[PDB]
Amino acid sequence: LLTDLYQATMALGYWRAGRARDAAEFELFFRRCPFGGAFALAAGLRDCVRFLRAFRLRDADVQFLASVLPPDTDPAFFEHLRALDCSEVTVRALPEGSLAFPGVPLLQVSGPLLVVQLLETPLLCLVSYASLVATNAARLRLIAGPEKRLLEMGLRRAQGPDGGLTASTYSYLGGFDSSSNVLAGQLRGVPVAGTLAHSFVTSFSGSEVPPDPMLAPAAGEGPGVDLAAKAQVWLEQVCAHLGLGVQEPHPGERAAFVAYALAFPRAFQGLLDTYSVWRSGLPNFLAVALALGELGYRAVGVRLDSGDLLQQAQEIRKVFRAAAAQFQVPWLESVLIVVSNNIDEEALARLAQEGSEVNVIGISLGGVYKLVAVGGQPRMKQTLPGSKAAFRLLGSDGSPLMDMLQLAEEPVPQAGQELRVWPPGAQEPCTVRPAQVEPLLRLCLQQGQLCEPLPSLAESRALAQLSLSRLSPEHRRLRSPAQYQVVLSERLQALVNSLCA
């Protein structure tokens, strides 16, 4: 994944001109207030580093490039492209989970010019996307607010060949509790749920079959029950309890329920929606819930996709008040009510509220990779020169005030106070006295060898939840938040003025 012609013409541009092995620093930051949010939260590195570690250039990829390029280029030092990197590259990176504000770096990348140049395209791919998914998952968690396991990704279908993965991965980071996706489960141990599908239900006519209809008893012992037969018997009792034709529940629906039940009898879930909740789905669920519970036992949830979810949520639990008084079955009412589809926001907020009988709810940044210094001399042209250190200044209450950029040479922190040139009011400086002064970009990789082990998602995820909880109300506002200062050291501001502002 060198993938585009300009990468290679620029590569050979630099090779031909003596600059391929020149020391360059680059920085990836962004500009857009993302979703009209104040922050991104930061994600990508996971994938970044797996990539750098399969710089994959087959001799047949390269032979091809020589086809498209001038004959005889250079002495056929295409060799360079086969020697790649190995690595003289260096990365500092915001930890995933960290909050990220416009016009502060998230990566800084350092190395041979020709190489670190190649990475513009892939690093954006990864970071921009990862961060957008996380950041949104964060805003949904903000709307829902934090209670049980409420919040369920997915149900819905890939970008691409395989990358369902990443949606899943970084929604977890943002705050969702589990996921339908099994790639993310296997790799990264996202919790996996989400079992139900309309396409199962509608594949059944009615015409049930006994290759084996018999459900083993929950306990142990030979003969169980012809589970199908019994559920009919329970269906009489329910329709009686409900004022219904026994003729009325769709027997397709019943078969599929039964069919699910034989395979997952400890985890029997019920999709209420396919035809009619009230006159089909629900009666059939109970018929079948209650046939279990003698033998294979204790059903486990139901699902809705349409209508006023909140009104059906609330009516569904309702009269179990007497729909389990009537049959005496302790557990029915504490069955889970899962809802999905047409949710987005408010329903979202009120289904996360009130007294709501729902338990589980299914479901641009301006990213920029810029050279800031080559040959340890700075480089400028609205984006700031030279190789920088970055630092979040926090208030007494825990919450960030402002990020501060300064030179790599400079001394560092502390918890006494600073002059400091804000980039609006850039006529004279503040003095500011921060409670804490935590640095931002940590060393991920030096000379191609990792300088840190990689967090679990659960670490990364906890850091996010932490960072958001500590972030100011005014900066967490979904629309029209307060601004957030980035601001400059004196010696930076002076380099900016040196390099004719």
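In case it trips you up, residue 1 is the first one in the sequence shown, and so on.
S.K.: Should the segment between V277 and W278 be described as having none, 1 to 3, 4 to 9, or 10 or more unmodelled residues of the deposited sequence?
M.R.: In the record, the chain runs straight from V277 to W278 with none unmodelled.
S.K.: Between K381 and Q382, what class does the number of missing deposited residues fall in: none, 1 to 3, 4 to 9, or 10 or more?
M.R.: According to the record, 4 to 9 deposited residues lack coordinates from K381 to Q382.
S.K.: Going by the B-factors listed in the PDB entry, is the mean over the C-alpha atoms higher for 475-483 or for 15-23?
M.R.: On average, C-alpha B-factors are higher across 475-483.
S.K.: Return whichever of 217-225 and 263-271 has the greater mean Cα B factor according to the PDB record.
M.R.: For C-alpha atoms only, the mean B-factor is higher in 217-225.
S.K.: Highest recorded C-alpha temperature factor, please, choosing from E96, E120, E147, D403.
M.R.: Among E96, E120, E147, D403, the PDB entry lists the largest C-alpha B-factor for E147.
S.K.: Have a look at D397, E208, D177, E253 and flag the one whose Cα has the highest B-factor in the entry.
M.R.: That would be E208, according to the entry.
S.K.: Would you mind ranking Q465 by its C-alpha B-factor against the rest of the chain and naming the third, lowest, middle or highest?
M.R.: Within its chain, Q465 is a middle-third residue by C-alpha B-factor, going by the deposited values.
S.K.: In terms of the chain's CA B-factor thirds, is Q328 lowest, middle or highest?
M.R.: Top third by C-alpha B-factor.
S.K.: Within this chain, which third does the Cα B-factor at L140 fall in: lowest, middle or highest?
M.R.: CA B-factor rank for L140: lowest third.
S.K.: Lowest, middle or highest third: where is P453 by Cα B-factor in its chain?
M.R.: For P453, whose C-alpha B-factor we compare with every modelled residue in the chain, the answer is the middle third.
S.K.: Would you check the entry's CA temperature factor for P70 and let me know if it's in the chain's lowest, middle or highest third?
M.R.: It falls in the middle third of the chain.
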